[PDB]
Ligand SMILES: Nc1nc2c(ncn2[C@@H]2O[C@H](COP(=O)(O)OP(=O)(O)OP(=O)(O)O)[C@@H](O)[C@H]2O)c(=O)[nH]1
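Below you will find one chain, with nothing else, as C-alpha cells; this is the form solved without ligand GTP, and questions on how it binds or moves follow later.
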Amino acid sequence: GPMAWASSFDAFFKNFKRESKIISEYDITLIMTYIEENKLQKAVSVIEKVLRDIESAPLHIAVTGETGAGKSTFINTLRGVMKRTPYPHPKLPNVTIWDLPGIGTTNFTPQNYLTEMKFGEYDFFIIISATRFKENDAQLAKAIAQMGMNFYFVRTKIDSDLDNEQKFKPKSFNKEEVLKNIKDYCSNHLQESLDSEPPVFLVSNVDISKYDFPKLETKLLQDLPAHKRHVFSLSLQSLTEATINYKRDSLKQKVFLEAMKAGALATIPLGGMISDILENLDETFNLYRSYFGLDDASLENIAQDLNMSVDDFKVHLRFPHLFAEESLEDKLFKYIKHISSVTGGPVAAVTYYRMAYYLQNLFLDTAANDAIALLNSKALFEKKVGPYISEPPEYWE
C-alpha cells in the first residue's frame, strides 16, 4: 500500500534526465514521506501546490550585448519569429525575451547597469557578441554572479565567419580550427577577469540546431529551478530531436502529477467509456499538437515540400489514428500492464483518471515521435517507398 505507491512515484521520476525534472529532489522526498506515512491527502496538496507553481511560472530572459551582435535576429530565432525592450513569445504569453542595450553602449558601471535594467526580473542573462567579449562584458558577468544569478556568454554569427573563411581558403578550409580559435580567444580573455573559466557557446543567429546551441539549452535547463523547467521546455523550438524529447519528458512528468492530483483520492467511480475520456481530452490533445508543431497550420508547409495534402501527409503520421477499432481497450490493457510492471504506474485510485493518464502518456510519446519524423520528412518518406531496406554506406549514398 503506502510503501508501494511511494516506490512507483520514486521509480517514475528516476526515469528522466536530471536537467529535465520539473520537481526537486526535496519535493520528491516530501511527497514520498507523506505517502509512506499514509498521509495521501497531504501528499496531494503538495502536488497541487507544485503544479500551481509550474503552470504559473513566468520566464524572463535578458539578452545583453551590442547592436552589431545581431541581437534582433537572435531574439526572433529564440521565439520562432538605452532602454530595454520586451519581446513576448508568440505561443507563450508568460515568456518574454528582453533586448538590453550593450553596457558599453550605455556608460553605466556594471552594478548601475544591472539596477537600471531591473536585473531582479530575469531568470538568467545571455551576454551576446558577434566578435569577442570585452573586459566590460566580463565585469558585467562578475556583477551578475555576485547577485547570485546566472549568465551565459554566447558568440554569434559563427556561420558568417565560417563562410568568409571558406570563400577565402576553399581548399584548406578547416571548420574545426576556426571554431577552436574563436572559442579559445573568447575563453582566454574572460578567464583573466573572471574568477573561473566561463564556458563560451558558439552559435548561429538563424539556426538553433547548430554548433553549441544544443549544449546551451541543456545547461540553461540544468541551472533553472526545477519548477521553471516546464515553461522553458515549452518555449524551445521543436527543431531537434533533443528539444522535442525535452518537451516530451516535461509533459509526461506533468501529466503524471496531474493524475495524482485528480485521482489519488477520488472514490465514487466516474464511469463512462474510453470513447468518453477521449472526447473529453480532445482539446488537451490539440494543445499537445500545438506544442509539437503538429497542428494543421504547421503541417501545411511540410506537406507541400512532399507534394502532398495535409490529409495525405497525416496518413503517414501516427497521432491521428492512435485510437481505432482487436479493440482499443484490449490494446490499452496490455499497454498498462507493460508500463506498470516497469515503473508501477500513476498514483490514481480512480479509473477515469488512471485511463486519462495512460491515454495522455501514449499521445505524448506518439506526438513526439511524429515531430521527430517531421525533421526529415521528405527523406524518410522517399527511403520508405524506395527499395533499400538498410542504411547507405558512409560517404556514398
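A residue's number is simply how far along the shown sequence it sits, counting from 1. Here the rigid core means the biggest group of C-alpha atoms that line up within 1.5 Å when the two forms are laid on top of each other.
- Among other compared entries that model residues flanking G104, every one gives it coordinates, keeping it clear of the one-third cutoff.
- The records show that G386 is omitted from the coordinate set of at least a third of the other eligible entries of this protein.
- Unmodelled residues of the deposited sequence between neighbouring positions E325 and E326 number 1 to 3.
- Counting the deposited residues that fall between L281 and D282 and carry no coordinates gives zero.
- The PDB entry records a higher mean C-alpha B factor for 292-300 than for its counterpart among 240-248 and 292-300.
- Looking at 127-135 and 283-291 together, the entry lists the larger mean B-factor for 127-135, computed on C-alpha atoms.
- For the set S309, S204, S233, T218, the maximum C-alpha B-factor listed in the entry falls on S309.
- Reading the B-factor column for the CA atoms of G263, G271, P225, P214 in the entry, the top value corresponds to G271.
- Among the modelled residues of its chain, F108 has a C-alpha B-factor that falls in the highest third, as given in the PDB entry.
- When all modelled residues of the chain are sorted by CA temperature factor, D161 is found within the middle third.
- Split the chain's modelled residues into thirds by C-alpha temperature factor. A259 is in the lowest one.
- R229: CA B factor in the lowest third of modelled residues in this chain (values from the PDB entry).
- Looking at the C-alpha B-factors along this chain, the one for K378 belongs to the highest third.
What comes next is about the form deposited with ligand GTP bound, which is not displayed.
- The pocket of the shown chain is blocked, since ligand GTP, superimposed from its pose in the bound PDB entry, puts 3 or more atoms within 2.4 angstroms of backbone or C-beta atoms.
- Only one of 299-307, 286-294, 180-188, 149-157 lies within 4.5 Å of ligand GTP in the bound PDB entry by heavy atoms, and it is 149-157.
- Although the partner is absent from this view, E66 contacts ligand GTP in the bound PDB entry, with a non-hydrogen atom inside 4.5 angstroms.
- Ligand GTP is not shown here, but in the bound PDB entry it comes within 4.5 Å of a heavy atom of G70.
- Not displayed here, ligand GTP is kept clear of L140 by more than 4.5 Å at the level of heavy atoms in the bound PDB entry.
- Not displayed here, ligand GTP is approached by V206 to within 4.5 Å at the level of heavy atoms in the bound PDB entry.
- Considering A262, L239, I75, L317, one residue stands apart with a C-alpha shift of at least 2 Å between the shown form and the other one following superposition on the core, and it is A262.
- Core-superposed comparison between the shown form and the other one: the C-alpha position of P346 differs by no less than 2 Å.
- Superposition on the rigid core between the shown form and the other one places the CA atom of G271 2 Å or more away from its counterpart.
- Cα of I268 to Cα of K254: at least 3 Å shorter in the bound PDB entry than in the shown structure.
- Annotation: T351/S8 CA-CA distance shorter in the bound PDB entry than in the displayed model, change of at least 3 Å.
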